[PDB]
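Order of the sequence lines fixes the chain letters, A, B, ..., with proteins taken first and strands second; residue numbering starts at 1 for each chain.
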Amino acid sequence: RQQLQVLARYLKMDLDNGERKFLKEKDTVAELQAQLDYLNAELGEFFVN
Amino acid sequence: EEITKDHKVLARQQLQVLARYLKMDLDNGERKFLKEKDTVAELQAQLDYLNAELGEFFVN
Amino acid sequence: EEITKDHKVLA
């Protein structure tokens with residue numbers, strides 16, 4: 001693992017970039033789901049569907 | 001010489017990783033040497049004091 | 001930059 005880290009640093013490759021982007025995207029998903037849940041609570045399932 | 005320096009840096013980091021895996025202290029020798037040099041300075045100060053008190057003719 | 005690229009490929 002330490003040798004892999006040394007190589008990754010030499011190559012300037014961020015091994016955690018994908019996870020960072022994924023966590024941001026998951027926050028966005030939660031935001032949009034909260035908005036949709038609010039509209040469903042205001043209007044009801046029958047109306048929305 | 002950016003490319004050569006970057007490669008030597010990578011080599012140094014790989015050497016450090018290996019040294020840590022092997023539990024080999026690369027600075028042990030220098031540490032011991034600096035302690036020994038302090039001891040040499042102490043003994044030389046004592047000898048210099050005796051030479052200042054007694055003089056070269058007497059000591060020799 | 002053939003040498004640097006070849007080394008980065010090896011890495």
Taken to the nearest 0.5 Å, the spacing of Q3(A) CD from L18(B) CG works out to 5.5 Å
Check the surroundings of atom CD in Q35(A): do more than 12 heavy atoms from other residues, nucleotides or ligands lie under 6.0 Å from it? yes
Taking the side chain as C-beta and beyond, is there a heavy-atom pair between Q2(A) and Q16(B) under 4.5 Å?
-> no
Rounded to the nearest 0.5 Å, the CD atom of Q13(B) sits from the OH atom of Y10(A) at a distance of 11.0 Å
*Got a sec: does the CD of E31(A) have more than 12 other heavy atoms crowding it under 6.0 Å?*
yes
| said: Is it true that, when you exclude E25(A) itself, more than 12 heavy atoms of the residues, nucleotides or ligands shown sit nearer than 6.0 Å to its CD? | reply: no
